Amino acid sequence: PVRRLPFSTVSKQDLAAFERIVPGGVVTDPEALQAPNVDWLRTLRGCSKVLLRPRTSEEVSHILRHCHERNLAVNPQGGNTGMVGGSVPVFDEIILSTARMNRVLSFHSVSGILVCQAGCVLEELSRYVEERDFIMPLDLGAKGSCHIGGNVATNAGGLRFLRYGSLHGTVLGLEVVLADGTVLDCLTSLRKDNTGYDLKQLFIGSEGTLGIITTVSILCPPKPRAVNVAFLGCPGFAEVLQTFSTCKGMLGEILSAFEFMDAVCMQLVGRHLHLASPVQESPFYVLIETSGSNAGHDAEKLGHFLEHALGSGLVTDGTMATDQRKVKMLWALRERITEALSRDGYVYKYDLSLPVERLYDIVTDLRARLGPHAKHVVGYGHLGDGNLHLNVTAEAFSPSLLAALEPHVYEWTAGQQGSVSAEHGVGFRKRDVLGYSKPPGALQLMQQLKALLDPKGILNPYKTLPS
């Protein structure tokens, strides 16, 4: 397995130092450390003996100062919803939680610029800005637990990426505490600013290996006057692809989401979450969201789109909603697939960028390659962005199934010049499969960046660069 690097260990003197630095924010009880030591998938468990819960940036600076002097490894943690083992310790790394860094600093009701602490929960920020007629530029099924700082650190994609784009575009600024405790102020709450290198970009998607994000400045789109959702059954993946093409051609700028899922996804959400399907049974389903300023115009656009889709046989059955309750019910069928999967058994999870025309090939292939050894195989996800969520469920983990899946899936993906981690990132699980998507020289430059910014390697060791 992996070998523990020669870090120090937490002493009683370290515990007293942390008690000084963050009064009331030191958790040492072994039973309390159980939950923060286990990842969301429940397949990785750390042995951390101390949880720190600072409230302020200065406390994070001082914690890291101490850990730097003492050579203590630190595991940053947000909502602990990450999918790649990046969020929990491997050995006895200190868990530094942002749970209590949950304050909004300011919100400007004209520019739409939000500034908040890294540990603000995404759904709560959404409620906050929606009260002021804005929205968050990203959303995901983990919204109820994930922290904005986690989202920035993982460069989270999500359900409205197609409309508002990457955090690399929507993050306006960051405050980041470096491994030695230096507070890096890149908190430029300005729409535009070309005064030197865009240092904050290094910390977007770096998963806590280059520094700990403590404050975020983010551009919030205006809240749309009109939101529509359509949920459609398609008789094959070719019709899904043509439905996408037609959807872009007829809805255009009002399109805010395009998600697909297969029949098995629908069956699992129905069986485990008791969610009835609102359309006729089909081998594929598509959820489309639109967001716009004029309800009448959006309705005309959608009506004509539906007319054409049903006319040319791209869609066999479809339903539409504007009522918030019904919209949420329809969205639940897509958002909760991952939960139903984790309720179905042990989950093998792959998050791939592929040519959209070939997005589903791997699922049919794996259904053939695997047999009754797979309990289920599913494909779903962000088709508009070329992003497939591939999942295999089984009664239990088995080495034989892992050996059938890997490296086969990663070589198929490399054969398509795809990404073996479209959005979930690298972390612990994928640290040794980056060669399928990144050339050696890039990986080396990444290693040099790590050495420059964290020469002691105390920030999230065993991740997210190759060994």
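Definition used throughout: the rigid core is the maximal C-alpha set that superposes within 1.5 Å between two forms. When you see a residue number, it is the position in the sequence shown, counting from 1.
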Higher C-alpha RMS shift from the shown form in 5 other deposited structures of this protein - 369-377 or 131-139, rigid core fit: 369-377
Entry-level comparison of average CA B-factors, 303-311 and 217-225, reporting the higher stretch: 303-311
Given 324-332 and 379-387, the range whose Cα B-factors average higher in the PDB entry: 324-332
Out of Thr43, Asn37, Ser419, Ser57, residue topping the C-alpha B-factor column of the entry: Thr43
Per the PDB entry, maximal CA B factor within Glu239, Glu124, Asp262, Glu253: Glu239
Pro137, C-alpha B-factor rank within chain (lowest, middle or highest third): lowest
For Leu401, the third of its chain into which the C-alpha B factor falls: highest
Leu15 - Cα temperature factor, lowest/middle/highest third of chain: lowest
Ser61 CA temperature factor, ranked by third within the chain: lowest
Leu33 - Cα temperature factor, lowest/middle/highest third of chain: middle
